[PDB]
Every structure is written in structure tokens, then in C-alpha cells.
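Peer 1:
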Amino acid sequence: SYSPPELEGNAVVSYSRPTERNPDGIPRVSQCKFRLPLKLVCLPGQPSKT
Amino acid sequence: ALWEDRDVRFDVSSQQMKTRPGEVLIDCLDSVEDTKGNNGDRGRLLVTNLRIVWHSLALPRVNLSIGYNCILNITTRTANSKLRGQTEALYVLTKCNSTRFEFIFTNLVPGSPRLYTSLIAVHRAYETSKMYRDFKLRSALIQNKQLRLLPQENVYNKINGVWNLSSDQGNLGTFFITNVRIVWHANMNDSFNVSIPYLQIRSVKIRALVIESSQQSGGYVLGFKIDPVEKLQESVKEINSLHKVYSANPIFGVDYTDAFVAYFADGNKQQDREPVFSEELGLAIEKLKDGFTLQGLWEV
Numbered sequence: 194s195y196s197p198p199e200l201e202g203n204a205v206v207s208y209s210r211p212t213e214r215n216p217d218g219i220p221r222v223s224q225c226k227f228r229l230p231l232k233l234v235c236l237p238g239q240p241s242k243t
Numbered sequence: 003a004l005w006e007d008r009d010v011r012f013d014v015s016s017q018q019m020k021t022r023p024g025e026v027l028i029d030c031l032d033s034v035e036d037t038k039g040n041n042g043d044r045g046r047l048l049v050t051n052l053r054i055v056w057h058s059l060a061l062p063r064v065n066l067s068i069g070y071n072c073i074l075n076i077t078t079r080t081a082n083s084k085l086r087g088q089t090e091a092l093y094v095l096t097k098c099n100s101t102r103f104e105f106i107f108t109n110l111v112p113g114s115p116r117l118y119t120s121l122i123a124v125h126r127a128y129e130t131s132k133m134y135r136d137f138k139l140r141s142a143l144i145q146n147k148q149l150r151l152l153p154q155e156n157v158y159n160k161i162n163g164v165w166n167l168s169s170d171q172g173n174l175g176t177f178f179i180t181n182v183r184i185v186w187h188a189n190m191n192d193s194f195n196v197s198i199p200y201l202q203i204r205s206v207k208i209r210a211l212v213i214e215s216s217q218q219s220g221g222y223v224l225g226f227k228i229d230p231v232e233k234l235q236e237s238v239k240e241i242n243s244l245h246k247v248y249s250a251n252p253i254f255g256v257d258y259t260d261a262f263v264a265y266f267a268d269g270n271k272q273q274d275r276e277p278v279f280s281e282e283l284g285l286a287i288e289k290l291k292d293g294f295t296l297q298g299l300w301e302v
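The listed protein sequences correspond, in order, to chains R and P.
Read in order, the letters of the first sequence correspond to residues 194 to 243 in the working numbering.
Read in order, the letters of the second sequence correspond to residues 3 to 302 in the working numbering.
#1: Distance cutoff 8 Å, beta carbons only. Does residue 220 of chain R sit that close to anything in chain P?
#2: Skipping 5 residues on each side, what residues in its chain have a beta carbon closer than 6 Å to that of residue 144 of chain P?
#3: Give me the chain R residues within the contact set of residue 204 of chain P, using Cβ-Cβ distance strictly less than 9 Å, ordered along the chain.
#4: I think residue 52 of chain P touches residue 25 of chain P, with their Cβ atoms under 8 Å apart; what is that distance to the nearest whole Å?
#5: How far does the alpha helix (DSSP H) with residue 117 of chain P in it reach, from first residue to last?
#6: Please classify residue 224 of chain P: does DSSP put it in a helix, a strand, or coil?
#7: Compare the C-beta of residue 115 of chain P against all C-beta atoms of chain R and say whether one is closer than 8 Å.
#8: Between P:133, P:31, P:166 and P:121, which lies nearest to residue 110 of chain P when the distance is taken from Cα to Cα?
#9: Roughly how many angstroms separate the alpha carbons of residue 218 of chain P and residue 45 of chain P, rounded to a whole number?
#10: For residue 216 of chain R, return the contacting residues in chain P, with the cut-off set at a CB-CB distance below 8 Å.
#11: Rounded to whole angstroms, what's the CA-CA distance from residue 284 of chain P to residue 276 of chain P? Just pull it up for me.
#12: Between residue 107 of chain P and residue 36 of chain P, which are expected to be in contact by the criterion C-beta below 8 Å, what is the C-beta distance as a whole number of angstroms?
#13: On the three-state DSSP scale, how would you describe residue 194 of chain P?
#14: For residue 109 of chain P, which three-state DSSP category applies?
#15: Taking contact to mean 3 or more Cβ pairs, one atom from each stretch, closer than 8 Å, check whether the region 153-172 of chain P and the region 222-241 of chain P are in contact.
#16: Where does residue 236 of chain P sit, in a helix, a strand or coil, going by DSSP?
#17: Please state whether DSSP places residue 67 of chain P in a helix, a strand or coil.
#18: Determine, using beta-carbon pairs with one atom in the region 263-271 of chain P and one in the region 162-181 of chain P, whether at least three such pairs fall under 8 Å.
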């Protein structure tokens, strides 16, 4: 029922680089954030004076 | 003549590490560190056809050569957990001319430990095949009336009525000639058979079929006598031909300094005092060392 604090969302990938020192791979993490539109949480409605 | 599979040598030359004619390399692994000698130096391990070799890979002079007829136990130790990958280690226990050594081989890079498996395999192949390169008396060679052949062995000449000039009354027996070894059973209580390998033969001459052993089975002179000597010289010449054509490229039937002092399995001990009786325990016990007593060695 309540609207979210912000429409932005995050997406995170955690992967591994296989290296000679550690074949099991050193773990790395990289992220990207998308921006959602008002058309997902809002609608055009009637306005009030006060 | 052949020492690669009979001794354990340290600081071996760059030539004796090279594959002998009958020998053949199987598997190799770099960066195998040597331990039981705390030099902390890397190397390279080789599991050949007759022996295992390890050379320092940076100072290839210092090295180790361990024969397969001089190893007793080979143990792989998988440890050194999550902190890194599961690395293995090889523990080899060796006993050459009554002296016990132990070598440890640590795979530094955990990315290739497969070697330690194949070794075990080939070692079995080394022990399951000793009728190819060793001399034996009175073994279980004969089937109902014929010879039980090794894997890579077929008979050449099948001669009946070949005597043995080492006994008195149990002589007349068949003589089997093969490409790996020559055998003679007794045709009467056929458990007096001798199976001489071409590897142990030193020279086949006549004085009468005299066969000498190559200083490993002792000076075992074997004398046989046959029917009129035509077939006799025929057999001698064909035996010499087979001996030479084998010695050209040996078979081995394997299917598929102070360096010593830092590798003792006991610890500052290369010895075994004379085993004498023990009135205390009732067992044959090693002689005690100049003042020591059993009930004083036992307690703490």
C-alpha cells in the first residue's frame, strides 16, 4: 500500500578471476543501478484545493 | 649393469637421469618441492618405467633417484584445507642394502596433483612383474604339462630330454626358450625348475650349456646337457642371438657427499646391530647399546 522510498534499484554481480596463485579465483563484485518510472507506482488522479 | 631400479642415489649426474634404453618416462610434474631435507627448494618429479627421479629444476645437479625394487611404502597425504586448495604430498619409504630412507614430496601449486596417483599404479606393475627381470628357483611355472607364459612372452624352442648338471638323479626335463627368459623344468616332480631371465645372464658359452649370472644372483653357473650336440650348438647360437637382440632394447615387462644423511627414516641411524636372543622377552631382539637395558628403555 505505501509507496517505496525511491524507485531506483540495484543489480550486483559477484564473480571470480581464476589466477595462478589461487585457481579457485579471487572474488570480485560490480554493480549497476537502474531507475524505475512513476508509471509503476502512481496514476493520474483528481486534485484537491487544500 | 642395471642399477636404476636397484639403488637409491643422491646428487646423480645429468646422464644417469636420462632414460635408459629399456626405460621409458610416464608422467612428470614441475614445482614439486622436496622435504625431509629442509632446503626449501623446488624441483621436478618424474615417474619413469623403472624408478622415480627428482631434480631441483633450478640447480639440476642436486637430485634424487629411487628404484622401485627399493621402495616399501608410498603414501599420499591430502591436507592443507580451505586456506588454499587441497594440496597433496608423497611419502616414500625405501630400504636399500639395509638402510632406511624416507622422502617427502610437496606439490606446491595445488593445480596439478594427479601425478601421485599414476606412480602408485606403475609401482604395482613393477611388483606384479618380477619374472621378467629376476632369477627364481622352483617356482610355480608349469601348467598340467606346459609352461604358463608371461604377458609379453612366447616360446621359441621346445626341447625334450635336457639334463641338468647341478643334481644327481632328477635331471631329465624339458627346456623352454622364450624372448624374455629361458626356463627348465624337471619332467619328474616338475617343481625343480629354473627360470633365468636374459637380464641376469652374463654370457652363454660351452665347457654342456654353461650360463653365468650377472653378479646379482651370485656366480650361479648353470650346466645342461642334451642329445647329440648338433641341436646343442643350434640352441646355443640361437640363445646368444636372442640374448643380444633383447639386450639391444630391454623390456622390463612394466605394463601401463652428505646427502644421504639428511634423508634417514630412523633419524641419525644407518645401522642394525646384530640380532641376538633376549632372555627378558623371549624374542629375537636387536643388540643393546653399551649400558642400556630393556626395562630402562621401556619406561619414560
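Ideal Cβ positions, reconstructed from N, Cα and C, are used throughout, including at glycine.
Peer 2: Taking the structure as given:
#1: no
#2: 187 and 192
#3: Residues of chain R passing the Cβ test: none, with the nearest at roughly 52 Å.
#4: 5 Å
#5: 117-129
#6: strand
#7: no
#8: P:31
#9: 33 Å
#10: 87, 112 and 113
#11: 16 Å
#12: 6 Å
#13: coil
#14: strand
#15: yes
#16: helix
#17: strand
#18: no
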